[PDB]
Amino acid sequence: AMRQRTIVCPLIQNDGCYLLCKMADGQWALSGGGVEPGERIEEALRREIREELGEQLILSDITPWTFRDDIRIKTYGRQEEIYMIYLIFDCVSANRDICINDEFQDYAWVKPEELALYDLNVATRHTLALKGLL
C-alpha cells in the first residue's frame, strides 16, 4: 500500500536557455506535478504549466522525451516512502512570459553552461545530466 504516483515534468527551452524554478522555502528545479484521475498525461502537463508558470507562456512544441523511477521518503507529521514514475517532456516555448505561483519563489532562463552554477535538487541534476546539459 505504498504511495505511488506518476509525475509529469517539462524541460522547457527557449532560444537555447532552460527554465529553472526556485522552490519556495529551497532548491532550483524543473516544474511538474501529478497526473490526476481522468487526465491524459499531456493534459496534466499543460494544467501544471498553467498553474505554476501562468497563462501567458506559449508552448510551440511538447514531445515525450524519457522516463525513470525514483523513491523518496517524505515527512508531512509522519514519514512515508513514495514511489514515483517521472515522465519527462521536452518543451519549446515560443516566448519567455512566466508568471509564478506560490509553489515557486523565483525563476530563471539559464544557458546550459551556467546550469551547474545553480543549487539544483537531485532529480533536476539527474534529468539535466541525462540530457547532456550538465
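Numbering starts at 1 and follows the sequence shown.
Visitor: Which class fits the unmodelled deposited stretch between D25 and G26: none, 1 to 3, 4 to 9, or 10 or more?
Guide: Unresolved stretch here: 4 to 9 residues.
Visitor: How many residues sit between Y76 and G77 in the deposited sequence but have no coordinates: none, 1 to 3, 4 to 9, or 10 or more?
Guide: Missing residues, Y76 to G77: 1 to 3.
Visitor: So, looking at the entry's B-factor column for Cα atoms, which has the higher mean, 97-105 or 82-90?
Guide: Stretch with the higher mean C-alpha B-factor: 97-105.
Visitor: Divide the modelled residues of the chain into thirds by Cα B-factor and specify which third, lowest, middle or highest, holds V8.
Guide: Bottom third by C-alpha B-factor.
Visitor: Considering every modelled residue of the chain and its Cα B-factor in the PDB entry, is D69 in the lowest, middle or highest third?
Guide: Bottom third by C-alpha B-factor.
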